[PDB]
Amino acid sequence: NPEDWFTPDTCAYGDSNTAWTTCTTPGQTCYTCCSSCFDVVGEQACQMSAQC
């Protein structure tokens, strides 16, 4: 679940919500943020949910 998979050690975000939602919206970092803000478990779950 996308609170759990959050890796703030490398995500410039303090909220797993704001993080996931960045990764699933057009910004500077949509789909790729799934990789650079979540563990591999959250990555695939985000990269399958991430539509810019």
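Method on record in the header is solution NMR.
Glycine is no exception: its Cβ is also placed from the backbone N, Cα and C atoms.
Disulfide connectivity taken from Swiss-Prot links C46 to one of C33, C34, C37, namely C34.
Swiss-Prot lists a disulfide bond between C52 and one candidate from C30, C33, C37; that candidate is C30. Each of the disulfide-bonded residues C33, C34, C46, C52 was scored by the other Cβ atoms within 10 Å of its Cβ; the lowest score goes to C52. Note on the disulfide-bonded residues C23, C30: the fewest other CB atoms within 10 A surround the CB of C30. Here is what falls inside 10 Å of the CA of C11 (disulfide bond) among the disulfide-bonded residues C30, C33, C46, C52: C33. Counted over every protein chain shown, other Cβ atoms within 10 Å are most numerous around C37 among the disulfide-bonded residues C11, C37. Cα of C52 (disulfide bond) to Cα of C23 (disulfide bond): a distance of 9 Å.
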